[PDB]
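S.K.: Contents of run.cif (mmCIF, C-alpha atoms) are below:
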data_target
loop_
_atom_site.label_atom_id
_atom_site.label_comp_id
_atom_site.auth_asym_id
_atom_site.auth_seq_id
_atom_site.Cartn_x
_atom_site.Cartn_y
_atom_site.Cartn_z
CA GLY A 87 0.00 0.00 0.00
CA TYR A 88 1.36 3.36 1.15
CA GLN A 89 4.47 3.53 3.33
CA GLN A 90 4.56 6.88 5.16
CA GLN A 91 5.82 5.72 8.56
CA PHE A 92 8.23 7.63 10.79
CA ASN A 93 11.16 5.22 11.10
CA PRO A 94 14.51 6.80 11.93
CA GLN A 95 17.11 4.08 12.41
CA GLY A 96 19.98 5.07 14.67
CA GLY A 97 21.39 8.56 14.57
CA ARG A 98 20.18 11.66 16.33
CA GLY A 99 18.51 14.97 15.62
CA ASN A 100 15.46 17.19 15.95
CA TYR A 101 12.15 16.11 14.41
CA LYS A 102 9.19 18.48 14.34
CA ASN A 103 6.20 19.49 12.21
CA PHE A 104 5.15 16.15 10.76
CA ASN A 105 1.59 16.35 9.42
CA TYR A 106 -0.47 13.47 8.03
CA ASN A 107 -3.70 14.42 6.24
CA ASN A 108 -5.98 11.53 5.26
CA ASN A 109 -9.02 12.66 3.24
CA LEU A 110 -11.45 9.75 2.90
CA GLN A 111 -14.08 10.76 0.32
CA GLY A 112 -14.36 14.08 2.16
CA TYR A 113 -14.48 17.82 1.60
CA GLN A 114 -11.35 19.79 2.53
CA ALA A 115 -11.08 23.48 1.69
CA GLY A 116 -8.73 26.16 2.93
CA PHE A 117 -5.74 24.17 4.17
CA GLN A 118 -2.37 25.79 4.91
CA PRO A 119 -0.51 23.25 7.06
CA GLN A 120 2.85 24.39 8.41
CA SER A 121 2.10 27.83 6.95
CA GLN A 122 4.43 30.71 7.76
CA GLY A 123 3.13 33.41 5.40
CA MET A 124 -0.32 35.01 5.32
CA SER A 125 -3.34 32.79 4.66
CA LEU A 126 -6.74 34.37 3.95
CA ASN A 127 -9.65 31.94 3.56
CA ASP A 128 -13.08 33.41 2.81
CA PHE A 129 -15.96 30.94 2.91
CA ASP A 217 28.43 25.53 9.67
CA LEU A 218 25.00 24.72 8.20
CA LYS A 219 22.39 27.44 8.66
CA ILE A 220 18.83 27.77 7.35
CA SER A 221 17.27 31.13 8.21
CA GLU A 222 13.69 32.18 7.48
CA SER A 223 12.33 35.61 8.42
CA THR A 224 8.70 36.53 7.73
CA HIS A 225 6.89 39.79 8.49
CA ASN A 226 3.08 39.66 8.22
CA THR A 227 1.21 42.98 8.41
CA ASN A 228 -2.59 42.85 8.13
CA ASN A 229 -4.29 46.28 7.89
CA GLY B 87 3.18 0.31 -4.04
CA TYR B 88 4.31 3.78 -2.94
CA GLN B 89 7.37 4.19 -0.73
CA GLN B 90 7.23 7.57 1.02
CA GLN B 91 8.53 6.56 4.46
CA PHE B 92 10.78 8.67 6.68
CA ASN B 93 13.87 6.46 7.06
CA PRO B 94 17.10 8.28 7.89
CA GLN B 95 19.86 5.74 8.44
CA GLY B 96 22.63 6.95 10.71
CA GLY B 97 23.82 10.53 10.56
CA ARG B 98 22.39 13.58 12.24
CA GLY B 99 20.51 16.76 11.46
CA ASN B 100 17.32 18.77 11.71
CA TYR B 101 14.10 17.46 10.16
CA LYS B 102 10.99 19.63 10.03
CA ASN B 103 7.96 20.39 7.85
CA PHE B 104 7.16 16.96 6.45
CA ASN B 105 3.61 16.91 5.07
CA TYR B 106 1.75 13.87 3.73
CA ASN B 107 -1.52 14.58 1.89
CA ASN B 108 -3.59 11.52 0.94
CA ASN B 109 -6.68 12.41 -1.12
CA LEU B 110 -8.91 9.35 -1.43
CA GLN B 111 -11.57 10.13 -4.05
CA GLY B 112 -12.09 13.45 -2.28
CA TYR B 113 -12.45 17.17 -2.91
CA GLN B 114 -9.47 19.36 -1.99
CA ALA B 115 -9.43 23.04 -2.90
CA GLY B 116 -7.28 25.89 -1.69
CA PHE B 117 -4.17 24.13 -0.39
CA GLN B 118 -0.92 25.98 0.36
CA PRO B 119 1.08 23.60 2.57
CA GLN B 120 4.34 25.00 3.92
CA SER B 121 3.38 28.34 2.39
CA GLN B 122 5.51 31.39 3.16
CA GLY B 123 4.06 33.96 0.75
CA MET B 124 0.52 35.32 0.60
CA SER B 125 -2.35 32.90 -0.04
CA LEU B 126 -5.84 34.23 -0.81
CA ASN B 127 -8.57 31.61 -1.18
CA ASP B 128 -12.09 32.84 -1.99
CA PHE B 129 -14.80 30.18 -1.87
CA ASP B 217 29.78 27.84 5.39
CA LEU B 218 26.43 26.77 3.91
CA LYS B 219 23.63 29.32 4.29
CA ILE B 220 20.08 29.39 2.94
CA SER B 221 18.29 32.66 3.72
CA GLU B 222 14.65 33.46 2.94
CA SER B 223 13.06 36.81 3.81
CA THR B 224 9.39 37.47 3.06
CA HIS B 225 7.36 40.62 3.74
CA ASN B 226 3.57 40.24 3.45
CA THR B 227 1.48 43.42 3.55
CA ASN B 228 -2.29 43.04 3.24
CA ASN B 229 -4.21 46.35 2.92
CA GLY C 87 6.37 0.75 -8.07
CA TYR C 88 7.26 4.30 -7.03
CA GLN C 89 10.27 4.96 -4.80
CA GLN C 90 9.89 8.35 -3.11
CA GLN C 91 11.21 7.49 0.35
CA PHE C 92 13.30 9.79 2.55
CA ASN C 93 16.52 7.79 3.00
CA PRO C 94 19.62 9.84 3.83
CA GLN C 95 22.54 7.49 4.45
CA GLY C 96 25.20 8.93 6.72
CA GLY C 97 26.15 12.57 6.50
CA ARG C 98 24.51 15.55 8.12
CA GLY C 99 22.44 18.59 7.26
CA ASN C 100 19.11 20.39 7.44
CA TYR C 101 16.00 18.84 5.89
CA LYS C 102 12.76 20.80 5.69
CA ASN C 103 9.71 21.32 3.47
CA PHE C 104 9.15 17.82 2.13
CA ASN C 105 5.62 17.51 0.73
CA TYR C 106 3.98 14.33 -0.58
CA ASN C 107 0.69 14.79 -2.46
CA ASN C 108 -1.17 11.58 -3.36
CA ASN C 109 -4.29 12.23 -5.47
CA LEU C 110 -6.31 9.02 -5.74
CA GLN C 111 -8.99 9.58 -8.40
CA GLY C 112 -9.74 12.89 -6.69
CA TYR C 113 -10.33 16.57 -7.40
CA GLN C 114 -7.51 18.96 -6.50
CA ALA C 115 -7.71 22.62 -7.48
CA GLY C 116 -5.76 25.63 -6.31
CA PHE C 117 -2.56 24.10 -4.94
CA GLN C 118 0.56 26.18 -4.21
CA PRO C 119 2.69 23.98 -1.93
CA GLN C 120 5.84 25.60 -0.58
CA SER C 121 4.67 28.85 -2.18
CA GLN C 122 6.59 32.04 -1.45
CA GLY C 123 5.01 34.46 -3.93
CA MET C 124 1.38 35.59 -4.13
CA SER C 125 -1.32 32.97 -4.75
CA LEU C 126 -4.87 34.06 -5.58
CA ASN C 127 -7.43 31.26 -5.92
CA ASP C 128 -11.01 32.24 -6.79
CA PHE C 129 -13.55 29.42 -6.64
CA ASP C 217 31.02 30.13 1.05
CA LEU C 218 27.76 28.82 -0.43
CA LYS C 219 24.80 31.19 -0.13
CA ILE C 220 21.26 31.00 -1.51
CA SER C 221 19.25 34.16 -0.81
CA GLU C 222 15.58 34.70 -1.64
CA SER C 223 13.77 37.96 -0.85
CA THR C 224 10.07 38.37 -1.64
CA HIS C 225 7.83 41.38 -1.04
CA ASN C 226 4.08 40.75 -1.36
CA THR C 227 1.79 43.80 -1.33
CA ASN C 228 -1.95 43.16 -1.67
CA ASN C 229 -4.08 46.33 -2.08
CA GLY D 87 9.58 1.35 -12.05
CA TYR D 88 10.22 4.96 -11.07
CA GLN D 89 13.16 5.86 -8.83
CA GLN D 90 12.53 9.25 -7.21
CA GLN D 91 13.88 8.54 -3.72
CA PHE D 92 15.79 11.02 -1.54
CA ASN D 93 19.13 9.24 -1.02
CA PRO D 94 22.07 11.50 -0.21
CA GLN D 95 25.14 9.37 0.48
CA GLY D 96 27.67 11.02 2.75
CA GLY D 97 28.39 14.71 2.47
CA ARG D 98 26.53 17.61 4.02
CA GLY D 99 24.27 20.48 3.08
CA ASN D 100 20.84 22.06 3.20
CA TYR D 101 17.85 20.28 1.65
CA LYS D 102 14.49 22.02 1.38
CA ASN D 103 11.44 22.30 -0.88
CA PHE D 104 11.12 18.74 -2.16
CA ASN D 105 7.63 18.17 -3.59
CA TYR D 106 6.22 14.87 -4.84
CA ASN D 107 2.93 15.07 -6.77
CA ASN D 108 1.29 11.74 -7.62
CA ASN D 109 -1.84 12.14 -9.77
CA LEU D 110 -3.64 8.80 -10.00
CA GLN D 111 -6.33 9.13 -12.69
CA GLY D 112 -7.31 12.42 -11.06
CA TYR D 113 -8.14 16.03 -11.84
CA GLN D 114 -5.49 18.62 -10.96
CA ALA D 115 -5.92 22.24 -12.01
CA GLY D 116 -4.18 25.39 -10.88
CA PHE D 117 -0.90 24.11 -9.45
CA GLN D 118 2.06 26.39 -8.73
CA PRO D 119 4.31 24.38 -6.39
CA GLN D 120 7.33 26.24 -5.04
CA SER D 121 5.97 29.37 -6.72
CA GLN D 122 7.67 32.70 -6.03
CA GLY D 123 5.95 34.96 -8.56
CA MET D 124 2.27 35.84 -8.83
CA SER D 125 -0.25 33.04 -9.42
CA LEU D 126 -3.86 33.88 -10.30
CA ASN D 127 -6.22 30.91 -10.61
CA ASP D 128 -9.85 31.64 -11.53
CA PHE D 129 -12.20 28.65 -11.35
CA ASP D 217 32.14 32.45 -3.26
CA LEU D 218 28.99 30.90 -4.75
CA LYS D 219 25.88 33.07 -4.52
CA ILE D 220 22.37 32.63 -5.93
CA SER D 221 20.16 35.65 -5.31
CA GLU D 222 16.47 35.94 -6.18
CA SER D 223 14.44 39.08 -5.47
CA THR D 224 10.73 39.23 -6.30
CA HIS D 225 8.29 42.11 -5.78
CA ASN D 226 4.59 41.22 -6.12
CA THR D 227 2.10 44.11 -6.17
CA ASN D 228 -1.59 43.22 -6.53
CA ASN D 229 -3.91 46.24 -7.02
CA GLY E 87 12.78 2.06 -16.03
CA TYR E 88 13.16 5.73 -15.11
CA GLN E 89 16.02 6.86 -12.86
CA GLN E 90 15.16 10.24 -11.31
CA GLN E 91 16.51 9.68 -7.80
CA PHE E 92 18.23 12.31 -5.65
CA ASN E 93 21.67 10.77 -5.07
CA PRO E 94 24.46 13.24 -4.28
CA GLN E 95 27.64 11.32 -3.52
CA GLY E 96 30.04 13.18 -1.26
CA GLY E 97 30.52 16.90 -1.60
CA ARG E 98 28.46 19.70 -0.13
CA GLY E 99 26.03 22.40 -1.14
CA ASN E 100 22.49 23.76 -1.08
CA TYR E 101 19.65 21.75 -2.62
CA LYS E 102 16.19 23.26 -2.95
CA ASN E 103 13.14 23.30 -5.24
CA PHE E 104 13.07 19.71 -6.46
CA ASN E 105 9.64 18.88 -7.91
CA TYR E 106 8.46 15.46 -9.11
CA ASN E 107 5.18 15.42 -11.07
CA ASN E 108 3.78 11.97 -11.88
CA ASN E 109 0.65 12.12 -14.06
CA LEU E 110 -0.92 8.67 -14.24
CA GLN E 111 -3.60 8.78 -16.96
CA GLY E 112 -4.81 12.02 -15.40
CA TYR E 113 -5.87 15.55 -16.26
CA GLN E 114 -3.41 18.33 -15.40
CA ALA E 115 -4.06 21.90 -16.53
CA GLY E 116 -2.54 25.17 -15.44
CA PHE E 117 0.80 24.13 -13.96
CA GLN E 118 3.60 26.62 -13.26
CA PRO E 119 5.95 24.81 -10.86
CA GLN E 120 8.83 26.88 -9.52
CA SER E 121 7.29 29.89 -11.27
CA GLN E 122 8.75 33.33 -10.63
CA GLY E 123 6.92 35.43 -13.22
CA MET E 124 3.18 36.06 -13.53
CA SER E 125 0.86 33.09 -14.09
CA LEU E 126 -2.78 33.67 -15.02
CA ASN E 127 -4.95 30.55 -15.30
CA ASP E 128 -8.60 31.02 -16.26
CA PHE E 129 -10.75 27.89 -16.04
CA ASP E 217 33.16 34.74 -7.64
CA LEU E 218 30.13 32.96 -9.13
CA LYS E 219 26.89 34.93 -8.96
CA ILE E 220 23.43 34.23 -10.40
CA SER E 221 21.01 37.11 -9.85
CA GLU E 222 17.32 37.14 -10.76
CA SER E 223 15.08 40.15 -10.13
CA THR E 224 11.38 40.04 -11.00
CA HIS E 225 8.75 42.76 -10.55
CA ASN E 226 5.12 41.63 -10.91
CA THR E 227 2.45 44.34 -11.04
CA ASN E 228 -1.17 43.21 -11.42
CA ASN E 229 -3.68 46.06 -11.98
#
Any chance you could give the structure as structure tokens?
M.R.:
Amino acid sequence: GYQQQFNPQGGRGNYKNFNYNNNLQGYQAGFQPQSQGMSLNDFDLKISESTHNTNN
Amino acid sequence: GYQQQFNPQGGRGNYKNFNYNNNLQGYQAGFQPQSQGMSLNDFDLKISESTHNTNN
Amino acid sequence: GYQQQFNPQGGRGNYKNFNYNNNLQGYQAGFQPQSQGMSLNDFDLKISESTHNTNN
Amino acid sequence: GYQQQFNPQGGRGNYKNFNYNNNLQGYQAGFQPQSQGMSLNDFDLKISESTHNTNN
Amino acid sequence: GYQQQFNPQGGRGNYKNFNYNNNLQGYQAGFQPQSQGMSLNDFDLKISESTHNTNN
């Protein structure tokens, strides 16, 4: 079938923001998982992210 | 079938923002997973990302 | 079948924004995964990205 | 079949924005994955990207 | 079959915006992956890219 398991073998680290969305014959609208920007719904190794959200 | 498992073997690091979307004969509209920009839905190794979102 | 697994072997680093979209005979409209620009849906190694989004 | 696995062997770095889209006999319309520009859907090694999006 | 795997061997760097689109007997319309311009869908080594998108 579908292998989506969380199976780290050995090693070490930081694990966060794992999201599993199972839609079984359903209705899903307006989804922004792990969103960092602005979402409007009307019905030496360095990674650096900086986001400024201003809603007026 | 489909192999999408999380299987790091040895090593070390930072693991974040893993998103699994399974749509089984369903209706999905307006999806911006891991979005950093602006989403409007009307129904030495360095990576640097800077985003300014102004909604007036 | 389809091999899309996450299998780092040894080594080290930063791993983020991995998105798996499985559409099984479904309806998907208006998808901007890992979007950094502006999405409107009406129903020494250095990588630097700077985005300004102004919605009036 | 199809080999699309994530298999770094040794080494080090930054890995982000990996997107796997599997469309199984489905309907997908209006897709802008990893988009940085403007998407309107009506139903010393240096890489530098600067994008200004103004929606009036 | 088709070899499209991500297999860096040794070395180091920055890896981002890898997109795998598998269309299995499906309908895909209006796709602008990794788009930086303007997409309208109606249903010393230096690389520098600057894009201004004005929608009136």
S.K.: Pull out every residue of chain A sitting within 8 Å of chain C, counting all atoms listed in the file, and send them as a list in words.
M.R.: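 For chain A, the answer reads residues 123, 218, 219 and 220 of chain A.
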S.K.: What separation in Å, quoted to one decimal, exists between atom CA of residue 217 of chain B and atom CA of residue 95 of chain B?
M.R.: 24.4 Å
S.K.: Can you work out the spacing between atom CA of residue 110 of chain B and atom CA of residue 94 of chain C in Å, to one decimal?
M.R.: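 Between atom CA of residue 110 of chain B and atom CA of residue 94 of chain C the gap is 29.0 Å.
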S.K.: How many Å separate atom CA of residue 88 of chain A from atom CA of residue 97 of chain D?
M.R.: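 Separating atom CA of residue 88 of chain A from atom CA of residue 97 of chain D is a distance of 29.3 Å.
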S.K.: With all atoms of segment 121-224 of chain B from the file as input, state the centre and edge lengths in Å to one decimal of the axis-aligned box that has 4 Å extra on each side, as JSON.
M.R.:
{"center_x": 7.5, "center_y": 32.1, "center_z": 1.7, "size_x": 52.6, "size_y": 18.7, "size_z": 15.4}
S.K.: Output as a PDB file, in the coordinates of the input: segment 114-218 of chain E, completed with N, CA, C and O atoms.
M.R.:
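So the final result, stored in rebuild.pdb, reads:
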ATOM      1  N   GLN E 114      -4.156  17.261 -16.052  1.00  0.00           N
ATOM      2  CA  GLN E 114      -3.410  18.330 -15.400  1.00  0.00           C
ATOM      3  C   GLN E 114      -3.419  19.561 -16.290  1.00  0.00           C
ATOM      4  O   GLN E 114      -2.918  19.524 -17.419  1.00  0.00           O
ATOM      5  N   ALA E 115      -3.959  20.659 -15.771  1.00  0.00           N
ATOM      6  CA  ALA E 115      -4.060  21.900 -16.530  1.00  0.00           C
ATOM      7  C   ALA E 115      -3.701  23.079 -15.649  1.00  0.00           C
ATOM      8  O   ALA E 115      -4.143  23.166 -14.499  1.00  0.00           O
ATOM      9  N   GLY E 116      -2.944  24.016 -16.210  1.00  0.00           N
ATOM     10  CA  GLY E 116      -2.540  25.170 -15.440  1.00  0.00           C
ATOM     11  C   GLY E 116      -1.511  24.825 -14.386  1.00  0.00           C
ATOM     12  O   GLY E 116      -1.806  24.805 -13.187  1.00  0.00           O
ATOM     13  N   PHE E 117      -0.306  24.494 -14.839  1.00  0.00           N
ATOM     14  CA  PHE E 117       0.800  24.130 -13.960  1.00  0.00           C
ATOM     15  C   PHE E 117       1.966  25.073 -14.225  1.00  0.00           C
ATOM     16  O   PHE E 117       2.450  25.167 -15.358  1.00  0.00           O
ATOM     17  N   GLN E 118       2.416  25.761 -13.181  1.00  0.00           N
ATOM     18  CA  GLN E 118       3.600  26.620 -13.260  1.00  0.00           C
ATOM     19  C   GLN E 118       4.526  26.343 -12.080  1.00  0.00           C
ATOM     20  O   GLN E 118       4.775  27.221 -11.246  1.00  0.00           O
ATOM     21  N   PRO E 119       5.069  25.127 -11.987  1.00  0.00           N
ATOM     22  CA  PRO E 119       5.950  24.810 -10.860  1.00  0.00           C
ATOM     23  C   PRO E 119       7.220  25.646 -10.886  1.00  0.00           C
ATOM     24  O   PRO E 119       7.803  25.912 -11.940  1.00  0.00           O
ATOM     25  N   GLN E 120       7.642  26.055  -9.692  1.00  0.00           N
ATOM     26  CA  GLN E 120       8.830  26.880  -9.520  1.00  0.00           C
ATOM     27  C   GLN E 120       8.725  28.166 -10.329  1.00  0.00           C
ATOM     28  O   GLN E 120       9.736  28.690 -10.807  1.00  0.00           O
ATOM     29  N   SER E 121       7.507  28.678 -10.487  1.00  0.00           N
ATOM     30  CA  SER E 121       7.290  29.890 -11.270  1.00  0.00           C
ATOM     31  C   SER E 121       7.740  31.118 -10.493  1.00  0.00           C
ATOM     32  O   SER E 121       7.547  31.217  -9.276  1.00  0.00           O
ATOM     33  N   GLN E 122       8.361  32.056 -11.205  1.00  0.00           N
ATOM     34  CA  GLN E 122       8.750  33.330 -10.630  1.00  0.00           C
ATOM     35  C   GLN E 122       8.138  34.524 -11.339  1.00  0.00           C
ATOM     36  O   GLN E 122       8.190  35.637 -10.801  1.00  0.00           O
ATOM     37  N   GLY E 123       7.556  34.335 -12.519  1.00  0.00           N
ATOM     38  CA  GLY E 123       6.920  35.430 -13.220  1.00  0.00           C
ATOM     39  C   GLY E 123       5.473  35.620 -12.813  1.00  0.00           C
ATOM     40  O   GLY E 123       5.138  35.549 -11.626  1.00  0.00           O
ATOM     41  N   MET E 124       4.606  35.870 -13.787  1.00  0.00           N
ATOM     42  CA  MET E 124       3.180  36.060 -13.530  1.00  0.00           C
ATOM     43  C   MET E 124       2.411  34.978 -14.276  1.00  0.00           C
ATOM     44  O   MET E 124       2.539  34.848 -15.499  1.00  0.00           O
ATOM     45  N   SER E 125       1.602  34.218 -13.542  1.00  0.00           N
ATOM     46  CA  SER E 125       0.860  33.090 -14.090  1.00  0.00           C
ATOM     47  C   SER E 125      -0.627  33.332 -13.915  1.00  0.00           C
ATOM     48  O   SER E 125      -1.121  33.387 -12.783  1.00  0.00           O
ATOM     49  N   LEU E 126      -1.342  33.466 -15.027  1.00  0.00           N
ATOM     50  CA  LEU E 126      -2.780  33.670 -15.020  1.00  0.00           C
ATOM     51  C   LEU E 126      -3.461  32.460 -15.646  1.00  0.00           C
ATOM     52  O   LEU E 126      -3.288  32.198 -16.841  1.00  0.00           O
ATOM     53  N   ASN E 127      -4.233  31.734 -14.843  1.00  0.00           N
ATOM     54  CA  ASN E 127      -4.950  30.550 -15.300  1.00  0.00           C
ATOM     55  C   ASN E 127      -6.440  30.777 -15.135  1.00  0.00           C
ATOM     56  O   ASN E 127      -6.931  30.921 -14.010  1.00  0.00           O
ATOM     57  N   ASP E 128      -7.158  30.812 -16.253  1.00  0.00           N
ATOM     58  CA  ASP E 128      -8.600  31.020 -16.260  1.00  0.00           C
ATOM     59  C   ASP E 128      -9.284  29.723 -16.685  1.00  0.00           C
ATOM     60  O   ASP E 128      -9.126  29.281 -17.828  1.00  0.00           O
ATOM     61  N   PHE E 129     -10.042  29.132 -15.771  1.00  0.00           N
ATOM     62  CA  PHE E 129     -10.750  27.890 -16.040  1.00  0.00           C
ATOM     63  C   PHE E 129     -12.244  28.138 -16.226  1.00  0.00           C
ATOM     64  O   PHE E 129     -12.771  29.155 -15.775  1.00  0.00           O
ATOM     65  N   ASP E 217      34.446  34.108  -7.893  1.00  0.00           N
ATOM     66  CA  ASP E 217      33.160  34.740  -7.640  1.00  0.00           C
ATOM     67  C   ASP E 217      32.125  34.311  -8.676  1.00  0.00           C
ATOM     68  O   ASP E 217      32.180  34.729  -9.834  1.00  0.00           O
ATOM     69  N   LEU E 218      31.174  33.484  -8.251  1.00  0.00           N
ATOM     70  CA  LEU E 218      30.130  32.960  -9.130  1.00  0.00           C
ATOM     71  C   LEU E 218      28.780  33.429  -8.613  1.00  0.00           C
ATOM     72  O   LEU E 218      28.357  33.032  -7.521  1.00  0.00           O
TER      73      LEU E 218
END
